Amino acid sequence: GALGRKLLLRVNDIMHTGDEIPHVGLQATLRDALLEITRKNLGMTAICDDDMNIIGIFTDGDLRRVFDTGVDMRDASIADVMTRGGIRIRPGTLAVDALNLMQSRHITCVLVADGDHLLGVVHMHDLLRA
């Protein structure tokens, strides 16, 4: 009942915004990106330009995948290891459709955007709270 009602909300009204958005710049180090991931507690970070347009994203899963090189990755830049672009939805998207997208793509956090402009982020956990 409550979950069903929450899934009829627009993501605009449940997404993380402002300082709760994980994002770093294009010149960030991988360690910078990891700190941002840890602090914002969503398992991922965006990589944005100065206008808050999405350049890329990096998840905890991405770290596992890039770690599978023999070389020492500790001083890598984020620009070299990020996923370019990122899966996103419009702010009027219903939570149910965000869930369906996340299920079909096997991701747990989706960017909320107007074109390339990052407005917020929604995590699967957000769709089941409140």
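Just count from 1 along the sequence shown to find any residue number.
A summary of the deposited B-factors shows that, of 58-66 and 80-88, the stretch with the larger mean C-alpha value is 80-88. For the pair 98-106 and 29-37, the mean Cα B-factor is higher in 98-106. Ranked against the other modelled residues of its chain, the C-alpha B-factor of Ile21 as given in the entry falls in the middle third. Among all modelled residues in this chain, the alpha-carbon of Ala113 has a temperature factor (C-alpha) in the lowest third.
For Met15, the recorded CA B-factor ranks within the middle third of the chain. Only modelled residues enter the ranking. Placement of the Cα temperature factor of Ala46 within the chain: lowest third of the modelled residues, per the deposited record. Per the PDB record, residue ranking by Cα B-factor puts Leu119 in the lowest third of the chain.
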